[PDB]
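Heads up, the Cβs are rebuilt from the backbone with ideal geometry, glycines too, and the neighbour counts pull from every protein chain shown. Derivation of every value follows stated rules applied to the coordinates shown; laboratory data play no part.
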Amino acid sequence: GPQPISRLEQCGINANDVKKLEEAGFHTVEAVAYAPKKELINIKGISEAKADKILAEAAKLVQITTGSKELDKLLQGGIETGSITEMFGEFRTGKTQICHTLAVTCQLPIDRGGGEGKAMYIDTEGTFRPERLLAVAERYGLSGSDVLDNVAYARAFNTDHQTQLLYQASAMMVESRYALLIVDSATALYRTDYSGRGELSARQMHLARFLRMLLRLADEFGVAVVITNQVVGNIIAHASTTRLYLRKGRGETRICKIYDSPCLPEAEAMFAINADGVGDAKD
Amino acid sequence: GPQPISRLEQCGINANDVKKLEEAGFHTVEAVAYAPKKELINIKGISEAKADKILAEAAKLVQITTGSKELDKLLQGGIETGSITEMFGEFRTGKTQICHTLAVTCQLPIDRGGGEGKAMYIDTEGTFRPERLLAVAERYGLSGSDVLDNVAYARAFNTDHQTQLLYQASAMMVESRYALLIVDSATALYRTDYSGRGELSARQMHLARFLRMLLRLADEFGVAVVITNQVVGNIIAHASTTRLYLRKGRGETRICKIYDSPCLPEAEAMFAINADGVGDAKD
Amino acid sequence: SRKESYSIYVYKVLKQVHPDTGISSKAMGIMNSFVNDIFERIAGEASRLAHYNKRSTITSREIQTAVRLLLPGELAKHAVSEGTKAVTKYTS
Amino acid sequence: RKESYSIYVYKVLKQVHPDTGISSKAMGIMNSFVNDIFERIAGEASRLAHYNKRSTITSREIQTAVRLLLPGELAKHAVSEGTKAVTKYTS
Amino acid sequence: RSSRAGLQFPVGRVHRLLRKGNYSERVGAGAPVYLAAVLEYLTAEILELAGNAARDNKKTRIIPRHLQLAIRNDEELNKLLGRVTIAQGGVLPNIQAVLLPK
Amino acid sequence: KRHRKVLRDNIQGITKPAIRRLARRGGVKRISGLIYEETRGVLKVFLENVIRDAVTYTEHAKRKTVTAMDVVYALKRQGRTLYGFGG
């Protein structure tokens, strides 16, 4: 966690210099410490000697239910909060529907398979429907209005906007308790933006940074991170903890397969897409 | 609506750089803003520093009735402006007729199911008929002459001309309020031009770029984007928000089916093709 | 007034090898001098290598050969092992 | 192809000793010499430009590099020749 | 890229320094990774030995003296830094045998 | 516009006991009387050479202040690389 910069004054930095460091926007001893001298020196009323004293003394101090029961059993009860679970599958498999369902189930009591936290829906595809959220909320008997109140929503127009929303997510997730972060068509902007072959490393780098920010937020807030992937990157293998393959069974009933878990078996479960919900298959 | 690029110069971009951006075909601060740096940098006489200043300061500044009531109900009232709606169907289903109808209904008051905006008809097939527009205008009681005055028309002879018309569309749509962009036989030039098997990626790339320009213009002007597709590409799936399957019922009455909507059910509605209009089926 | 250095990375490494050990400012200055010095030696030798062989690109190969030229014995072998591992992990 | 300073060395030789020749080995040593001093001066000039955050190597960097690398009288005469040559060249 | 390479030293920064140090017209993707890895390793070896010396001296903080002891008491580091002066390092204790009393 | 007393004969500030201490760190047990003057000459030459180059760098940079980096560069180019005074 953080090591608030207050602790730096006990090292014998005078408090005025700490206030100037806070003015710069450095608020922890960790924050000042792993930065060079010039950042603290550039602050008004701070010399190089005080900065050397600061750096030297600073180094001294520094399960959400899927709502398909059969799928929950496949997952041993639902998504583990604090980790990334990847569901890769074809279009029309219900990925957007699953996102809408989870956006509400996260708000469920933990004893009901929720995280008792607010939800975060980052859309890149325009498919965000508050009315679908209302349907899922009424399914689980949650207030649809409260679902929208526990879902902060923003549509990312590009990869840069996609990463920029993470900055708002990190500061906003501190102020309110969240349990779910949704990124729908998470890989589409990496395909439309990064379309070249020479750009493979570029999309991989942007994705890597995006994933690292995701991991930091997951470890920071203990929330579930849900991203959706269409498989028509090898970087995701190390990053996803649980890989789910989704394929259509005709009508509204979908087949789920586990394609990676270091602990969980490779296995499959059948579920359906119902007006209210993403919910177990009911032949 | 648009945020003309003029406003970017008040952020302290010099006016010559704004003129170079206009030369590229970017005419609003919204247009420059949600594009990456390289677009503006590629313009002659623009460095990366000026582009960074443009993007940074630019981020600081930045339902049309189908005229078939039954179809509007199927669509929940008509096309959402600002998004692409794809209607794929056989020849003689009335696609051209539907285009002609919408070219007028867009001009209808919003309370009448219009967008209260001008229309854009990009033809690739020669089927543009101002007289049909006059018939639709008299159907809805709109001035046929005003319909032609609110429709800027150009026939694309090839895919390159098809994309080039988008450049005129972006600058022209800034000067006048539009509500509808029509691309009739949108996929034909990708079949006649790109006919090879090795060229599948090439037609997909040209289409992808075309779609991205469409999305930018849709988000920029909040207009409805209508393209017609004959299904005798998988790229369109992510791009189309609502997929409509059109098939002939004999006489002038056509069957419509919804084949994709993330929020709307798969469902069908019957409508007819009437001399005045594209209009509900009246057995 | 923004001045970059290798201090935080040196410190991270220090915490890796000696978890309960610190370092004085003077000593850190010597470490920074060290990293910059070796940077210059290796990069310069690699530049010369690429030039000698009429190549316009410095690749990991030039870096590796430079490392073998500049470093003594086992130090060279160990360094080569670290660099190779890092490049192969990066590539994946 | 394969470059050397041989013809220029020979022209200079003809300037200072009109009736004197030079062996192949000796010419090889002269070529080694010219390349060596080139590298020393160019390298120092490169560092001079870098230290001062300049992207251009100018005659001033060459001159300073010469002052750093050459001893005493050699340095003074070399500086004189470089300056003279640049002055004759400029007009 | 540092995380991708499993490193602590900054690959991006090293890449930038390679680009702007005028070493070559082009730089491969693996070059700054390799270089960063080598710099990190050597840093680790010196810090390991210096830490050892610091503890031998019952000190918890590494000072220049410890760096000098570490370097000069290690044949290969001593070789690598043969023409290098460690400020405030002093020298290794060493008295020629002939100078000692009989 | 208040300059220091003009500096003269400062090499004599390198005292006999200082030179003795340096020699002791160098492992020297006994010292001839003529060593001290000899040492001074040697030291002066060394210093001259370093400072000359340092000042050259200073002059190239169009500065009036000799920096630590000027000295470091002089030493490096004289094959006496010094650690600890960068940045």
### Query
Among the candidates B:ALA186, B:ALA169, which residue alone is in a loop (DSSP other than H, G, I, E, B), out of contact with any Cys (no Cβ under 8 Å at 6 or more places or on another chain) and buried (at least 19 other Cβ atoms within 10 Å of the Cβ)?
B:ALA186
### Task
Scan segment C:3-21 for residues that are facing another protein chain (nearest Cβ under 7 Å) and not in a helix (DSSP H, G or I) and jot them down.
C:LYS3, C:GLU4, C:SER5, C:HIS18, C:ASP20, C:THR21
### Message
Looking at E:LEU17, E:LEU49 in this structure, which one is at negative phi and under 13 Å from the mean Cα position of the chain (by Cα)?
### Response
E:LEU49
### Message
Let me confirm something: among C:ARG55, C:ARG68, C:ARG48, C:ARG61, which residue is more than 7 Å from chain E (Cβ to nearest Cβ), part of a loop (DSSP other than H, G, I, E, B) and either farther than 18 Å from E:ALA44 by Cα or of a type in the set (D, E, K, R) (or both)?
### Response
C:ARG55
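Conditions (1) over 26 Å from B:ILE235 (Cα atoms); (2) surrounded by fewer than 20 Cβ atoms within 10 Å (Cβ to Cβ); (3) in contact with a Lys or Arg (Cβ under 8 Å, 6 or more places away or on another chain), marked per residue:
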residue: A:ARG177; (1), (2), (3): yes, yes, yes
residue: A:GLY196; (1), (2), (3): no, yes, no
residue: A:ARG209; (1), (2), (3): yes, yes, no
residue: A:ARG216; (1), (2), (3): yes, yes, no
#### Entry: Residues within segment B:1-32 that are under 21 Å from B:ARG212 (Cα atoms) and either under 21 Å from the mean Cα position of the chain (by Cα) or of a type in the set (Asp, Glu) (or both), tallied
15
### Query
Do any residues in segment F:52-67 that are surrounded by 14 or more Cβ atoms within 10 Å (Cβ to Cβ) have Cβ atoms under 6 Å from those of residues that are among the hydroxyl-bearing types (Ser, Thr, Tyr) and in a helix (DSSP H, G or I), where the two are at least six apart or on different chains, and which pairs are they?
F:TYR57/F:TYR73; F:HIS60/D:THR64; F:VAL66/F:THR58
### segment A:189-217 residues that are over 17 Å from A:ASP123 (Cα atoms), paired with ones that are of a type in the set (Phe, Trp, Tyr) and assigned to a helix (DSSP H, G or I) (beta carbon under 6 Å, 6 or more apart)
A:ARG203/A:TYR190
### Message
What's the total number of residues in segment B:90-99 that are outside any helix (DSSP H, G or I) and not charged (D, E, K, R)?
### Response
3
### Message
Among the listed residues D:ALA78, D:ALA49, D:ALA45, D:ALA26, identify the single one that is over 15 Å from the mean Cα position of the chain (by Cα), among the small types (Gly, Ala, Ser) and under 26 Å from C:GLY44 (Cβ atoms).
### Response
D:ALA49
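Conditions (1) β-branched (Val, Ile, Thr); (2) in a loop (DSSP other than H, G, I, E, B); (3) buried (at least 22 other Cβ atoms within 10 Å of the Cβ), marked per residue:
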{"site": "B:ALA31", "(1), (2), (3)": "no, no, yes"}
{"site": "B:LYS60", "(1), (2), (3)": "no, no, no"}
{"site": "B:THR66", "(1), (2), (3)": "yes, yes, yes"}
{"site": "B:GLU70", "(1), (2), (3)": "no, no, no"}
{"site": "B:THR101", "(1), (2), (3)": "yes, no, yes"}
{"site": "B:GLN107", "(1), (2), (3)": "no, yes, yes"}
#### Entry: Single match in A:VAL136, A:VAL183, A:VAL174 (criterion: among the β-branched types (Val, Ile, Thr) and farther than 17 Å from A:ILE98 by Cα)
A:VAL174
### Message
If I filter segment B:239-260 down to residues being under 16 Å from the mean Cα position of the chain (by Cα) and part of a loop (DSSP other than H, G, I, E, B), which single residue comes out as nearest to A:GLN97 (Cα to Cα)?
### Response
B:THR241
### Query
Of the residues that make up segment E:36-46, is at least one away from chain F (no Cβ under 14 Å), more than 20 Å from the chain's Cα centre (by Cα), surrounded by 15 or more Cβ atoms within 10 Å (Cβ to Cβ) and closer than 30 Å to A:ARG203 by Cα?
no
### Query
Considering segment F:41-87 alone, what residues qualify as being more than 14 Å from chain E (Cβ to nearest Cβ) and of a type in the set (S, T, N, Q)?
F:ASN49, F:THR56, F:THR58, F:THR65, F:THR67
### Query
So is F:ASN10 within 30 Å of D:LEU68 (Cα to Cα) and loosely packed, with under 10 Cβ neighbours inside 10 Å or not?
yes
### Task
Output yes when any residue across segment F:1-22 is within 13 Å of another protein chain (Cβ to nearest Cβ) and more than 30 Å from D:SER55 (Cβ to Cβ), and no when none is.
yes
### Query
Quick check: anything in segment C:22-41 among the acidic types (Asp, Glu), at the interface with another protein chain (Cβ under 8 Å from one of its Cβ atoms), closer than 23 Å to D:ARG40 by Cα and crowded, with 20+ Cβ neighbours inside 10 Å?
no
#### Entry: Lone qualifier among B:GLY222, B:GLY279 - being under 20 Å from the mean Cα position of the chain (by Cα), crowded, with 17+ Cβ neighbours inside 10 Å, within 30 Å of B:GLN162 (Cβ to Cβ) and not acidic (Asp, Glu)
B:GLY222
### D:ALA75 vs. criteria surrounded by 15 or more Cβ atoms within 10 Å (Cβ to Cβ), farther than 25 Å from E:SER24 by Cα and within 14 Å of chain F (Cβ to nearest Cβ)
yes
### Query
Inside segment E:52-102, can you point out the residues that are more than 12 Å from the chain's Cα centre (by Cα), outside any strand (DSSP E or B) and of a type in the set (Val, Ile, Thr)?
E:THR60, E:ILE63, E:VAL91, E:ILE95, E:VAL98
### Task
Mind listing whichever residues of segment E:1-25 are in a helix (DSSP H, G or I), more than 7 Å from chain C (Cβ to nearest Cβ) and not aliphatic (A, V, I, L, M)?
E:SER2, E:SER3, E:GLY12, E:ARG13, E:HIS15, E:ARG16, E:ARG19, E:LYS20
